[PDB]
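Peer 1: Below is the structure I would like to discuss, written out as structure tokens.
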Amino acid sequence: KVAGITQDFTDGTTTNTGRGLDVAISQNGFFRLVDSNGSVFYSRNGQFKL
Amino acid sequence: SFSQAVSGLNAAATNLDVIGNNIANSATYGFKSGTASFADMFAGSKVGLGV
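In order, the protein sequence lines correspond to chains EA and EF. Just so you know, the first sequence maps onto residues 52 to 101 in the authors' numbering. Just so you know, the second sequence maps onto residues 1 to 51 in the authors' numbering.
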């Protein structure tokens, strides 16, 4: 039987792209984004525009 | 299945068309480079769907 499909929350490598508005967390943490409707989400992909 | 593989197989062609355009335009005088950015897909289940 399958008890579940579940994630692995380790950390990969880090590639310097040399841009300005690009952040990368090194350990536990999440960026907190807010939707248009007013919902709240938590993410880790850190490439932003303005 | 096949759809999850063909999604990645299709996403790895725009990411070569963009690089080929950059390589060709690397001679001009005001060109700005282009890059692509991918995101995954997730339906109501827990197994993913691709790129």
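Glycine included, C-beta positions come from ideal geometry on N, C-alpha and C.
#1: According to DSSP, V91 (chain EA) sits in a beta bridge with which residue or residues?
#2: With a cut-off of 8 angstroms, do at least 3 Cβ pairs link the segment 18 to 27 of chain EF to the segment 74 to 84 of chain EA?
#3: If we cut at 8 angstroms on Cβ distances, does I56 (chain EA) have a partner in chain EF?
#4: Is there at least one Cβ from chain EA nearer than 8 angstroms to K32 (chain EF)'s Cβ?
#5: Which bits of chain EA does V18 (chain EF) rub up against, with CB to CB less than 8 angstroms?
Peer 2: In this structure, then:
#1: Answer by DSSP bridge pairing, in chain order: EA:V85.
#2: Result no; under three Cβ-Cβ pairs closer than 8 angstroms.
#3: So yes, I56 (chain EA) belongs to the interface.
#4: No - not a single Cβ of chain EA is within 8 angstroms of the one on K32 (chain EF).
#5: Listed along the chain, the chain EA residues whose CB falls inside 8 angstroms of the CB of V18 (chain EF) amount to none; the nearest CB is some 15 angstroms away.
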